Amino acid sequence: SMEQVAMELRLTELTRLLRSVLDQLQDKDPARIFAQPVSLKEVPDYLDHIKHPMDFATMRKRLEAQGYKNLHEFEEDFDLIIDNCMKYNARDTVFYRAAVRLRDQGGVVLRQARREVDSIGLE
């Protein structure tokens, strides 16, 4: 049916958009600060303060497994990455400043992705 065709087209187009967003976000982090989960050997107290850890590898795994229903769910995981980094690290640190940089750049990319969801009619 055409309802199935439209649903499958919205799924594949949202996936294409989210993959482009995630690639642009990762390209802005060549130091790989947000690429992978934090090592508990290097940071033993991380889970004493961060209850819901998040990183770009976890997001990519969720994206490619069809785990994001809409752009808002993807935005929530990106905000978790930024917020956890700003909560764990003191403000006068290279890691907190990297989160502020990615929050600036990421906000612009995500608002452009919202304009594309609206233009395409994805949600």
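We use all heavy atoms of the structure for the numbers below, so side chains are in, but hydrogens, waters and symmetry mates are not. Numbers for residues simply follow the sequence, beginning at 1.
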Fill in: Stepwise side-chain contact (heavy atoms from CB on, under 4.5 Å) test for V21 and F78
CA-CA 11 Å; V21 170; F78 178 64; over 6 Å; no
Worksheet entry | Qualifying residue for side-chain contact (heavy atoms from CB on, under 4.5 Å) with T15, from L18, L11, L17 | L11
Worksheet item: Should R114 and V117 count as side-chain neighbours, where that means a heavy-atom distance under 4.5 Å?
Response: yes
Worksheet item: So, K28 side chain and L102 main chain: donor-acceptor pair closer than 3.5 Å or not?
Response: no
Worksheet entry | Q66 CD: over 12 foreign heavy atoms closer than 6.0 Å | yes
Practice prompt. Specify the closest pair of heavy atoms between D29 and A35, including all atoms of both residues, with the distance to one decimal.
Written response: OD2-N, 3.8 Å
Item to complete: Taking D55 for its side chain and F34 for its backbone only, find out whether a donor-acceptor pair lies under 3.5 Å.
Response: no
Worksheet entry | Side chains of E116 and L122 in contact at under 4.5 Å (non-hydrogen atoms) | no
Practice prompt. List in chain and number order the residues that pass ring-ring contact (aromatic ring centres under 6.0 Å, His included) with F95, two or more places apart in sequence or in another chain; answer none if no residue qualifies.
Written response: none
Discussion item. Membership question, hydrophobic clusters at under 4.5 Å side-chain separation (ILVMFWY): are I50 and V43 in the same one?
Written reply: yes
Worksheet item: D45 side chain to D48 main-chain N or O, any donor-acceptor pair under 3.5 Å?
Response: no
Item to complete: Please assess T58 against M54 for the test side-chain contact (heavy atoms from CB on, under 4.5 Å), listing each intermediate value before the final yes or no.
Response: CA-CA 7 Å; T58 299; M54 188 51 57; 3.6 Å; yes
Worksheet item: Can a salt bridge be assigned to the pair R10 and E123 using a cut-off of 4.0 Å between side-chain N and carboxylate O?
Response: no
Practice prompt. Scan residues 92-108 for pairs that pass salt bridge (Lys or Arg N to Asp or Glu O under 4.0 Å), counting only residues two or more places apart or in two chains.
Written response: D92-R97
Worksheet entry | Test: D23 and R60 ion pair at under 4.0 Å | yes
Worksheet item: Within a reach of under 6.0 Å around NZ of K61, are more than 12 heavy atoms found that belong to other residues, nucleotides or ligands?
Response: no
Worksheet entry | Steps toward side-chain contact (heavy atoms from CB on, under 4.5 Å) verdict (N70, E73) | CA-CA 6 Å; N70 52 51; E73 294 189 345; 3.3 Å; yes
Discussion item. Let me check something: do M59 and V38 share a hydrophobic cluster, defined by ILVMFWY side-chain heavy atoms less than 4.5 Å apart, either directly or through other members?
Written reply: no
Discussion item. Please report the interatomic distance CE(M86) to OH(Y96), rounded to the nearest 0.5 Å.
Written reply: 3.5 Å
Practice prompt. Mark yes or no for whether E75, through its side chain, and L71, through its backbone, hold a donor-acceptor pair below 3.5 Å.
Written response: no
Worksheet item: Which atom names give the shortest non-hydrogen contact between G106 and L25, and what distance separates them?
Response: CA-CD2, 3.7 Å
Fill in: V94 with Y88, same ILVMFWY side-chain cluster at under 4.5 Å
no
Response to the item:
One should read off an interatomic distance between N84 CG and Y46 OH, to the nearest 0.5 angstrom, of 4.5 Å
Discussion item. So, taking the atom named CG in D27 and the one named CD in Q24, what distance separates them when rounded to the nearest 0.5 Å?
Written reply: 8.0 Å
Worksheet item: At what distance, to the nearest 0.5 angstrom, does NE2 of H49 lie from NZ of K51?
Response: 7.5 Å
Discussion item. Once rounded to the nearest 0.5 Å, what's the spacing between atom NZ of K87 and atom CG of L80?
Written reply: 10.5 Å
Practice prompt. Scan residues 53-72 for pairs that pass ring-ring contact (aromatic ring centres under 6.0 Å, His included), counting only residues two or more places apart or in two chains.
Written response: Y68-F74
Worksheet item: Quick check: does any side chain N or O of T12 sit under 3.5 Å from a backbone N or O of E8, one acting as donor and the other as acceptor?
Response: yes
